[PDB]
């Protein structure tokens, strides 16, 4: 089979709880940029089951599935308490284990799969990464009907998904902020109750009016920047939670007395566990959260994409 690695290799044979998948969709995201041994990339997997190991239960050849790529070894503290995404020595498909940048891919254990019924491989693949990430980020915001949330860059891919999830799972008031009329509009279509265009308005001033000067109870900053970190924490209400997600090389700078006086919290997040995967997939399969705007490409265009869902 073909395989873009960090070639023409052989097709692994599934044994035990393993499952061999015929890749129908291999998502690509900025994380693949940080990657670029040998190792096949592709941590956003979706496809049809080609063959299952003798021990596999509940799945048959032909089944359409999406896969949770981050799998813990089980013995460490994080695996034991149920936070395997924070495993000390994880098995990460497309990162430290061969991924979906190929015609076929092996899933260590069948429990990490999710049978697709409503979505197709292309619509699901991105959910195994951005979906899990965003779903956990909303969970960390600790929202309820009495609260108001601010989603930064609400008109982007991650932003609209965050708005959709928050609207489908919390009942909180949602304020989306972006910088272009188009994005602001995308944020509104995602379900934001209020939208702000930082390019035509002072977001803080607008947020202060919307919340009657209280500020927001949570901010979800997906793919934060030095700019966002210096601006949006100012919008936090007392006890507000600033949920940061991403890997940009920037530092958090905040006056300590402001944190203690207002009991604010800065919380980080990046990926997610089986519970997060189950949640986003149930939502997507129910249509409560729509698939990301996607652009399909060929497997050979992998490098191009990195320079988007690849279809073997």
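Numbering follows the first chain given and starts at 1.
Student: Per the entry, how many residues of the deposited chain go unmodelled between residue 6 and residue 7: none, 1 to 3, 4 to 9, or 10 or more?
Tutor: In the record, 4 to 9 residues between residue 6 and residue 7 lack coordinates.
Student: Deposited residues absent from the coordinates between residue 307 and residue 308, none, 1 to 3, 4 to 9, or 10 or more?
Tutor: Per the record, 10 or more deposited residues are absent between residue 307 and residue 308.
Student: Hey, which bit's got the bigger mean C-alpha B factor in the entry, 158-166 or 98-106?
Tutor: Between 158-166 and 98-106, it is 98-106.
Student: Select between 131-139 and 199-207 the stretch whose C-alpha atoms have the higher average B-factor in the entry.
Tutor: Result: 199-207.
Student: Per the entry's Cα B factor values, which of 88, 221, 181, 193 stands out as the maximum?
Tutor: Of the options given, 181 has the highest CA B-factor in the PDB entry.
Student: So among 279, 69, 268, 53, who wins on Cα B-factor in the entry?
Tutor: The C-alpha B-factor peaks, among 279, 69, 268, 53, at 53.
Student: Taking the chain's C-alpha temperature factors as the reference, tell me which third residue 263 falls into: lowest, middle or highest.
Tutor: Ranked within chain, residue 263 CA B lands in the lowest tercile.
Student: Could you tell me which third, lowest, middle or highest, the C-alpha B-factor of residue 42 occupies within its chain?
Tutor: It falls in the top third of the chain.
Student: Give the position of residue 49 by CA B-factor within its chain, expressed as the lowest, middle or highest third.
Tutor: Residue 49: CA B-factor falls in the highest third of its chain.
Student: Divide the modelled residues of the chain into thirds by Cα B-factor and specify which third, lowest, middle or highest, holds residue 243.
Tutor: For residue 243, whose C-alpha B-factor we compare with every modelled residue in the chain, the answer is the lowest third.
Student: Check where residue 147 lands among this chain's C-alpha B-factors and tell me if it's the lowest, middle or highest third.
Tutor: It belongs to the lowest third of the chain when residues are ordered by C-alpha B-factor.
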